[PDB]
Structures are given as structure tokens and as C-alpha cells.
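S.K.: Next up, target.pdb (PDB, C-alpha atoms and all ligand atoms).
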```pdb
MODEL        1
ATOM      1  CA  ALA A   1     -14.396   9.439 -11.809  1.00  0.00           C
ATOM      2  CA  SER A   2     -11.730   7.018 -10.423  1.00  0.00           C
ATOM      3  CA  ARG A   3      -8.247   5.666 -11.372  1.00  0.00           C
ATOM      4  CA  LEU A   4      -7.091   2.061 -10.574  1.00  0.00           C
ATOM      5  CA  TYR A   5      -3.964   1.549  -8.403  1.00  0.00           C
ATOM      6  CA  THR A   6      -2.335  -1.453  -6.673  1.00  0.00           C
ATOM      7  CA  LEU A   7      -0.440  -1.629  -3.350  1.00  0.00           C
ATOM      8  CA  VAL A   8       1.574  -4.746  -2.280  1.00  0.00           C
ATOM      9  CA  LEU A   9       2.830  -5.563   1.266  1.00  0.00           C
ATOM     10  CA  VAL A  10       5.544  -8.246   1.701  1.00  0.00           C
ATOM     11  CA  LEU A  11       4.410  -9.545   5.148  1.00  0.00           C
ATOM     12  CA  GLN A  12       6.320 -12.481   6.770  1.00  0.00           C
ATOM     13  CA  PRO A  13       5.531 -13.980  10.237  1.00  0.00           C
ATOM     14  CA  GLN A  14       7.758 -11.527  12.280  1.00  0.00           C
ATOM     15  CA  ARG A  15       8.569  -8.655   9.806  1.00  0.00           C
ATOM     16  CA  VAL A  16       7.256  -6.458   6.936  1.00  0.00           C
ATOM     17  CA  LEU A  17       9.234  -4.852   4.042  1.00  0.00           C
ATOM     18  CA  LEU A  18       8.695  -1.109   3.353  1.00  0.00           C
ATOM     19  CA  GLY A  19      10.422   1.309   0.923  1.00  0.00           C
ATOM     20  CA  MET A  20      11.420   4.933   1.688  1.00  0.00           C
ATOM     21  CA  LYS A  21      10.287   6.817  -1.469  1.00  0.00           C
ATOM     22  CA  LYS A  22      12.914   9.311  -2.797  1.00  0.00           C
ATOM     23  CA  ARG A  23      10.789  11.213  -5.451  1.00  0.00           C
ATOM     24  CA  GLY A  24       7.158  11.847  -6.605  1.00  0.00           C
ATOM     25  CA  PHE A  25       3.844  11.248  -4.749  1.00  0.00           C
ATOM     26  CA  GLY A  26       4.520   9.925  -1.208  1.00  0.00           C
ATOM     27  CA  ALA A  27       8.238  11.034  -1.170  1.00  0.00           C
ATOM     28  CA  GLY A  28       9.783  10.965   2.380  1.00  0.00           C
ATOM     29  CA  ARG A  29       7.355   8.235   3.646  1.00  0.00           C
ATOM     30  CA  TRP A  30       7.763   4.439   4.066  1.00  0.00           C
ATOM     31  CA  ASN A  31       5.415   2.876   1.446  1.00  0.00           C
ATOM     32  CA  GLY A  32       4.447  -0.572   0.149  1.00  0.00           C
ATOM     33  CA  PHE A  33       5.046  -1.248  -3.586  1.00  0.00           C
ATOM     34  CA  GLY A  34       2.359   0.099  -5.937  1.00  0.00           C
ATOM     35  CA  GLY A  35       1.233   2.247  -8.845  1.00  0.00           C
ATOM     36  CA  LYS A  36      -1.187   2.690 -11.760  1.00  0.00           C
ATOM     37  CA  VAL A  37      -2.786  -0.334 -13.550  1.00  0.00           C
ATOM     38  CA  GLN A  38      -2.147  -0.279 -17.374  1.00  0.00           C
ATOM     39  CA  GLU A  39      -4.484  -0.706 -20.414  1.00  0.00           C
ATOM     40  CA  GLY A  40      -5.106  -4.448 -21.145  1.00  0.00           C
ATOM     41  CA  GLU A  41      -3.511  -5.514 -17.784  1.00  0.00           C
ATOM     42  CA  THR A  42      -5.356  -7.379 -14.937  1.00  0.00           C
ATOM     43  CA  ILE A  43      -5.233  -5.721 -11.468  1.00  0.00           C
ATOM     44  CA  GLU A  44      -3.224  -8.778 -10.115  1.00  0.00           C
ATOM     45  CA  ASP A  45      -0.720  -8.681 -13.068  1.00  0.00           C
ATOM     46  CA  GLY A  46      -0.301  -4.916 -12.331  1.00  0.00           C
ATOM     47  CA  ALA A  47       0.412  -5.698  -8.626  1.00  0.00           C
ATOM     48  CA  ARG A  48       3.126  -8.295  -9.578  1.00  0.00           C
ATOM     49  CA  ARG A  49       4.728  -5.836 -12.113  1.00  0.00           C
ATOM     50  CA  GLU A  50       4.830  -2.895  -9.610  1.00  0.00           C
ATOM     51  CA  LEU A  51       6.500  -5.125  -6.929  1.00  0.00           C
ATOM     52  CA  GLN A  52       9.320  -6.135  -9.420  1.00  0.00           C
ATOM     53  CA  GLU A  53       9.834  -2.567 -10.820  1.00  0.00           C
ATOM     54  CA  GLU A  54      10.017  -0.934  -7.328  1.00  0.00           C
ATOM     55  CA  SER A  55      11.638  -3.648  -5.080  1.00  0.00           C
ATOM     56  CA  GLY A  56      13.388  -6.135  -7.462  1.00  0.00           C
ATOM     57  CA  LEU A  57      11.408  -9.041  -5.857  1.00  0.00           C
ATOM     58  CA  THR A  58       9.568 -11.843  -7.732  1.00  0.00           C
ATOM     59  CA  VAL A  59       6.247 -12.900  -6.044  1.00  0.00           C
ATOM     60  CA  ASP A  60       4.671 -16.422  -6.080  1.00  0.00           C
ATOM     61  CA  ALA A  61       1.165 -16.293  -4.436  1.00  0.00           C
ATOM     62  CA  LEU A  62      -0.560 -12.838  -4.110  1.00  0.00           C
ATOM     63  CA  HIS A  63      -3.657 -12.554  -1.810  1.00  0.00           C
ATOM     64  CA  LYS A  64      -6.365  -9.814  -2.033  1.00  0.00           C
ATOM     65  CA  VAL A  65      -6.669  -8.117   1.393  1.00  0.00           C
ATOM     66  CA  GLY A  66      -8.506  -4.793   0.814  1.00  0.00           C
ATOM     67  CA  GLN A  67      -9.912  -1.989  -1.332  1.00  0.00           C
ATOM     68  CA  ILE A  68      -9.403   1.678  -0.252  1.00  0.00           C
ATOM     69  CA  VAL A  69     -10.776   4.778  -2.056  1.00  0.00           C
ATOM     70  CA  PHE A  70      -8.823   8.049  -1.505  1.00  0.00           C
ATOM     71  CA  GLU A  71     -10.349  11.520  -2.092  1.00  0.00           C
ATOM     72  CA  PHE A  72      -8.163  14.694  -2.077  1.00  0.00           C
ATOM     73  CA  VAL A  73     -10.497  17.732  -1.698  1.00  0.00           C
ATOM     74  CA  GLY A  74     -10.412  19.875  -4.903  1.00  0.00           C
ATOM     75  CA  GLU A  75      -8.914  17.005  -7.050  1.00  0.00           C
ATOM     76  CA  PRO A  76     -11.420  15.442  -9.498  1.00  0.00           C
ATOM     77  CA  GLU A  77      -9.978  11.882  -9.714  1.00  0.00           C
ATOM     78  CA  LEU A  78     -10.537   9.392  -6.824  1.00  0.00           C
ATOM     79  CA  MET A  79      -7.802   6.760  -6.268  1.00  0.00           C
ATOM     80  CA  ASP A  80      -9.260   3.190  -6.262  1.00  0.00           C
ATOM     81  CA  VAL A  81      -6.492   1.205  -4.484  1.00  0.00           C
ATOM     82  CA  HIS A  82      -6.483  -2.642  -4.558  1.00  0.00           C
ATOM     83  CA  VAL A  83      -4.285  -3.911  -1.636  1.00  0.00           C
ATOM     84  CA  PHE A  84      -2.482  -7.318  -1.745  1.00  0.00           C
ATOM     85  CA  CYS A  85      -0.213  -9.331   0.620  1.00  0.00           C
ATOM     86  CA  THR A  86       2.472 -12.000  -0.019  1.00  0.00           C
ATOM     87  CA  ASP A  87       4.872 -14.027   2.232  1.00  0.00           C
ATOM     88  CA  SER A  88       6.424 -16.124  -0.643  1.00  0.00           C
ATOM     89  CA  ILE A  89       9.053 -14.061  -2.588  1.00  0.00           C
ATOM     90  CA  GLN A  90      12.357 -14.620  -4.532  1.00  0.00           C
ATOM     91  CA  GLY A  91      15.381 -12.255  -4.800  1.00  0.00           C
ATOM     92  CA  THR A  92      16.821  -9.688  -2.362  1.00  0.00           C
ATOM     93  CA  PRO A  93      15.379  -6.162  -2.030  1.00  0.00           C
ATOM     94  CA  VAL A  94      17.215  -3.665  -4.353  1.00  0.00           C
ATOM     95  CA  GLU A  95      17.971   0.022  -3.323  1.00  0.00           C
ATOM     96  CA  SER A  96      17.499   2.323  -6.357  1.00  0.00           C
ATOM     97  CA  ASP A  97      17.213   6.060  -7.300  1.00  0.00           C
ATOM     98  CA  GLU A  98      13.472   5.713  -6.442  1.00  0.00           C
ATOM     99  CA  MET A  99      13.301   3.541  -3.247  1.00  0.00           C
ATOM    100  CA  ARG A 100      15.377   2.536  -0.103  1.00  0.00           C
ATOM    101  CA  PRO A 101      13.912  -0.802   1.243  1.00  0.00           C
ATOM    102  CA  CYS A 102      14.179  -1.897   4.969  1.00  0.00           C
ATOM    103  CA  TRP A 103      12.636  -4.768   7.021  1.00  0.00           C
ATOM    104  CA  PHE A 104      10.627  -3.768  10.170  1.00  0.00           C
ATOM    105  CA  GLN A 105       9.692  -5.972  13.159  1.00  0.00           C
ATOM    106  CA  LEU A 106       5.865  -5.928  13.556  1.00  0.00           C
ATOM    107  CA  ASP A 107       6.100  -3.953  16.907  1.00  0.00           C
ATOM    108  CA  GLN A 108       8.430  -1.310  15.256  1.00  0.00           C
ATOM    109  CA  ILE A 109       6.274  -0.242  12.241  1.00  0.00           C
ATOM    110  CA  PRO A 110       7.201   3.434  11.580  1.00  0.00           C
ATOM    111  CA  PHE A 111       3.655   4.961  11.583  1.00  0.00           C
ATOM    112  CA  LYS A 112       4.961   8.581  12.235  1.00  0.00           C
ATOM    113  CA  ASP A 113       6.789   8.389   8.826  1.00  0.00           C
ATOM    114  CA  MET A 114       3.900   6.634   6.907  1.00  0.00           C
ATOM    115  CA  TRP A 115       0.611   7.869   5.318  1.00  0.00           C
ATOM    116  CA  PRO A 116      -1.694   8.686   8.311  1.00  0.00           C
ATOM    117  CA  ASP A 117      -4.517   6.312   7.121  1.00  0.00           C
ATOM    118  CA  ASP A 118      -2.103   3.324   7.656  1.00  0.00           C
ATOM    119  CA  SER A 119      -2.583   3.643  11.490  1.00  0.00           C
ATOM    120  CA  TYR A 120      -6.285   2.614  10.889  1.00  0.00           C
ATOM    121  CA  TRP A 121      -6.008  -0.328   8.374  1.00  0.00           C
ATOM    122  CA  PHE A 122      -2.453  -1.747   8.881  1.00  0.00           C
ATOM    123  CA  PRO A 123      -3.572  -3.431  12.199  1.00  0.00           C
ATOM    124  CA  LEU A 124      -6.330  -5.294  10.228  1.00  0.00           C
ATOM    125  CA  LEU A 125      -3.695  -6.422   7.614  1.00  0.00           C
ATOM    126  CA  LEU A 126      -1.460  -7.769  10.514  1.00  0.00           C
ATOM    127  CA  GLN A 127      -4.339  -9.959  11.933  1.00  0.00           C
ATOM    128  CA  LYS A 128      -5.173 -11.387   8.400  1.00  0.00           C
ATOM    129  CA  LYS A 129      -8.504  -9.460   8.135  1.00  0.00           C
ATOM    130  CA  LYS A 130      -9.968  -8.156   4.828  1.00  0.00           C
ATOM    131  CA  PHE A 131     -11.454  -4.612   4.519  1.00  0.00           C
ATOM    132  CA  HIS A 132     -13.168  -1.861   2.497  1.00  0.00           C
ATOM    133  CA  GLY A 133     -12.101   1.753   3.296  1.00  0.00           C
ATOM    134  CA  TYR A 134     -12.691   5.410   2.192  1.00  0.00           C
ATOM    135  CA  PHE A 135     -10.421   8.314   3.328  1.00  0.00           C
ATOM    136  CA  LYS A 136     -11.063  12.028   2.572  1.00  0.00           C
ATOM    137  CA  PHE A 137      -7.823  14.102   2.775  1.00  0.00           C
ATOM    138  CA  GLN A 138      -7.031  17.844   2.779  1.00  0.00           C
ATOM    139  CA  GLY A 139      -3.470  17.938   1.401  1.00  0.00           C
ATOM    140  CA  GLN A 140      -1.232  14.957   2.313  1.00  0.00           C
ATOM    141  CA  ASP A 141      -1.329  15.160   6.195  1.00  0.00           C
ATOM    142  CA  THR A 142      -4.989  15.743   7.324  1.00  0.00           C
ATOM    143  CA  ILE A 143      -7.817  13.123   7.350  1.00  0.00           C
ATOM    144  CA  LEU A 144     -11.134  15.123   7.280  1.00  0.00           C
ATOM    145  CA  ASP A 145     -13.420  11.997   7.365  1.00  0.00           C
ATOM    146  CA  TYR A 146     -13.155   8.190   6.830  1.00  0.00           C
ATOM    147  CA  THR A 147     -15.020   4.856   6.912  1.00  0.00           C
ATOM    148  CA  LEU A 148     -13.450   1.392   7.358  1.00  0.00           C
ATOM    149  CA  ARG A 149     -15.251  -1.986   7.628  1.00  0.00           C
ATOM    150  CA  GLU A 150     -14.167  -5.661   7.673  1.00  0.00           C
ATOM    151  CA  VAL A 151     -15.509  -7.933   4.845  1.00  0.00           C
ATOM    152  CA  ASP A 152     -15.400 -11.661   3.959  1.00  0.00           C
ATOM    153  CA  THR A 153     -14.931 -10.909   0.184  1.00  0.00           C
ATOM    154  CA  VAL A 154     -12.775  -7.999  -1.145  1.00  0.00           C
TER
HETATM  155  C1  LIG A 201       1.117   5.245  -5.626  1.00  0.00           C
HETATM  156  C2  LIG A 201       0.153   5.019  -4.486  1.00  0.00           C
HETATM  157  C3  LIG A 201      -0.627   3.865  -4.478  1.00  0.00           C
HETATM  158  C4  LIG A 201      -1.524   3.622  -3.457  1.00  0.00           C
HETATM  159  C5  LIG A 201      -1.663   4.544  -2.431  1.00  0.00           C
HETATM  160  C6  LIG A 201      -0.909   5.718  -2.410  1.00  0.00           C
HETATM  161  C7  LIG A 201      -1.125   6.733  -1.285  1.00  0.00           C
HETATM  162  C8  LIG A 201      -2.204   7.772  -1.605  1.00  0.00           C
HETATM  163  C9  LIG A 201      -1.406   6.060   0.037  1.00  0.00           C
HETATM  164  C10 LIG A 201      -2.388   6.315   0.941  1.00  0.00           C
HETATM  165  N1  LIG A 201      -2.173   5.462   1.992  1.00  0.00           N
HETATM  166  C11 LIG A 201      -1.086   4.744   1.706  1.00  0.00           C
HETATM  167  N2  LIG A 201      -0.578   5.063   0.525  1.00  0.00           N
HETATM  168  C12 LIG A 201       0.023   5.953  -3.440  1.00  0.00           C
HETATM  169  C13 LIG A 201       0.953   7.149  -3.401  1.00  0.00           C
ENDMDL
END
```
Rewrite the coordinates I just gave you, this time as C-alpha cells.
M.R.:
Amino acid sequence: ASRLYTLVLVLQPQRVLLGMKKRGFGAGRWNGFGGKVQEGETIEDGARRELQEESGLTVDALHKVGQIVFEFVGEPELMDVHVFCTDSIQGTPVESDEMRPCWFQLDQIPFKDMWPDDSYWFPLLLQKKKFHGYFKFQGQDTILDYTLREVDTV
């Protein structure tokens, strides 16, 4: 019982782009660009579409960096999140009704205003490591249990 999602990080040598979400699931946190994969769509095509819809950016090369499963206790559907990175983009980030984008230096990542699991896996993403993760949540703030391991193949 799982639903496919994508999550894209625009990660350059000295900075990362994040979006402050205005509405819906994750509102009030800095997020990467992501959402549900559609019928007849590849996971990578879904990742490229979500980045354009949410940030206004066009991506060249996407790289697979991780897979994370999220459980919310009492909710039947697991989230199966496929995580990607890119450095090569075109366009300038667009502020919309849904998202306020900002660049962060890599020593100023706003973890206090991000999903709490990011403190565990974001440091692997920054050192170009690949990973498999599982996080069990109670509500949106409390991690009950987790596993996280580095892999050669996502
Ligand atoms: C839409 C979407 C896609 C992927 C993940 C997430 C959340 C659960 C998340 C967990 N840790 C970072 N973000 C959302 C909201």
C-alpha cells in the first residue's frame, strides 16, 4: 500500500535552492520541488514536470540520489519518495501563490524550518552519497523510529 512521489534538489557547488510552501502538505517549511507521479508517466519525467510547475526552472541532467519511505501512524498509504539532484538548470526561480524560492549557502541550511528527517539525509546528499531510508512519524513533527543506509545503486 504505497503512493509514488518525486523530490528534486537544485544543488550547486556553494548553494542549494529551497521553496517556502504557502499552502497544503508541508506548508510553512522550506521544501525541495516534488509531488505525485501520474498514470503513464516515468518517475524521472514526473520529477522534471514537478520542478517546472513549482519553481519555473527547466532541468538538463537529473541524477538519482535516494529512495525514502514515509509512514504516518494511522494513515494507510505509505509515501514512496524518489529523490533527485541537478546542478544544470535554465530560467530564474519564480515566486508564486504556492511557493517562495530562496538560495541558501551550504553552512546556512534552515533545518529548524524543514521536515525533521532532512537533518539525517541532507548531509549525505551534500557529500554526493546515495541512500535508502524509512521514517515513521506521529503527526508532522515527531520521528518515532527510522533507518537510513548508504547504497551504490538507488
Ligand atoms: C509532496 C512531498 C513529497 C516528498 C516528501 C514530502 C514530505 C513528507 C517530506 C518529508 N521529508 C521531506 N519532505 C512531501 C510533502
S.K.: Dump as a compact mmCIF listing (two decimals) with C-alpha atoms, keeping the file's coordinate frame all residues having an atom at most 10 Å from (16.4, -3.6, 1.8), computed in the file's coordinates with only C-alpha atoms.
M.R.:
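And here's out04.txt as it stands now:
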```txt
# COMPACT_ATOMS: atom_id res chain seq x y z
CA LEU A 17 9.23 -4.85 4.04
CA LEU A 18 8.70 -1.11 3.35
CA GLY A 19 10.42 1.31 0.92
CA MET A 20 11.42 4.93 1.69
CA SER A 55 11.64 -3.65 -5.08
CA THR A 92 16.82 -9.69 -2.36
CA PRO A 93 15.38 -6.16 -2.03
CA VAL A 94 17.22 -3.66 -4.35
CA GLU A 95 17.97 0.02 -3.32
CA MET A 99 13.30 3.54 -3.25
CA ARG A 100 15.38 2.54 -0.10
CA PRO A 101 13.91 -0.80 1.24
CA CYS A 102 14.18 -1.90 4.97
CA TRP A 103 12.64 -4.77 7.02
```
S.K.: Take CA of residue 38 (chain A) and CA of residue 68 (chain A) and report the distance between them in Å, one decimal.
M.R.: 18.7 Å
S.K.: Check every protein, DNA and RNA residue against ligand LIG 201 (chain A), keep those with an atom at most 8 Å away (counting all atoms listed in the file), and present them as a list in words.
M.R.: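 Listed by chain and ascending number, the contacts are residues 5, 6, 7, 25, 26, 31, 32, 33, 34, 35, 36, 70, 79, 81, 114, 115, 116, 117 and 118 of chain A.
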S.K.: Just to be explicit: take each residue in the selection above, keep C-alpha atoms, and write the result as an mmCIF file, in the frame of the given file.
M.R.:
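Final file, again.cif:
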```cif
data_model
loop_
_atom_site.group_PDB
_atom_site.id
_atom_site.type_symbol
_atom_site.label_atom_id
_atom_site.label_comp_id
_atom_site.auth_asym_id
_atom_site.auth_seq_id
_atom_site.Cartn_x
_atom_site.Cartn_y
_atom_site.Cartn_z
ATOM 1 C CA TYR A 5 -3.964 1.549 -8.403
ATOM 2 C CA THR A 6 -2.335 -1.453 -6.673
ATOM 3 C CA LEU A 7 -0.440 -1.629 -3.350
ATOM 4 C CA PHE A 25 3.844 11.248 -4.749
ATOM 5 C CA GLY A 26 4.520 9.925 -1.208
ATOM 6 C CA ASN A 31 5.415 2.876 1.446
ATOM 7 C CA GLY A 32 4.447 -0.572 0.149
ATOM 8 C CA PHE A 33 5.046 -1.248 -3.586
ATOM 9 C CA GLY A 34 2.359 0.099 -5.937
ATOM 10 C CA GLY A 35 1.233 2.247 -8.845
ATOM 11 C CA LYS A 36 -1.187 2.690 -11.760
ATOM 12 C CA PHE A 70 -8.823 8.049 -1.505
ATOM 13 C CA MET A 79 -7.802 6.760 -6.268
ATOM 14 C CA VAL A 81 -6.492 1.205 -4.484
ATOM 15 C CA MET A 114 3.900 6.634 6.907
ATOM 16 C CA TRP A 115 0.611 7.869 5.318
ATOM 17 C CA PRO A 116 -1.694 8.686 8.311
ATOM 18 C CA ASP A 117 -4.517 6.312 7.121
ATOM 19 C CA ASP A 118 -2.103 3.324 7.656
#
```
S.K.: Once the PyMOL selection byres (((chain A and resi 86) around 7) and not hetatm) has been applied to the shown file, what residues remain in the selection, as a ChimeraX atom specification?
M.R.: /A:9-11,61-63,85,87-88
S.K.: For CA of residue 151 (chain A) and CA of residue 125 (chain A), determine how far apart the two atoms are, in Å to one decimal place.
M.R.: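 Straight-line distance from CA of residue 151 (chain A) to CA of residue 125 (chain A) works out to 12.2 Å.
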S.K.: Can you tell me which residues surround residue 14 (chain A) at a distance of at most 8 Å, considering all atoms listed in the file, apart from same-chain residues fewer than 2 positions away, and format the answer as a list in words?
M.R.: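 Contacts, in chain order: residues 12, 16, 105 and 106 of chain A.
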S.K.: Could you work out how far CA of residue 54 (chain A) lies from CA of residue 142 (chain A), giving the answer in Å with one decimal?
M.R.: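 Between CA of residue 142 (chain A) and CA of residue 54 (chain A) the gap is 26.8 Å.
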S.K.: Tell me, as a VMD selection string, which residues lie within 12 Å of residue 124 (chain A), counting all atoms listed in the file; anything in the same chain fewer than 4 positions away does not count.
M.R.: chain A and resid 65 to 66 118 to 120 128 to 133 148 to 151
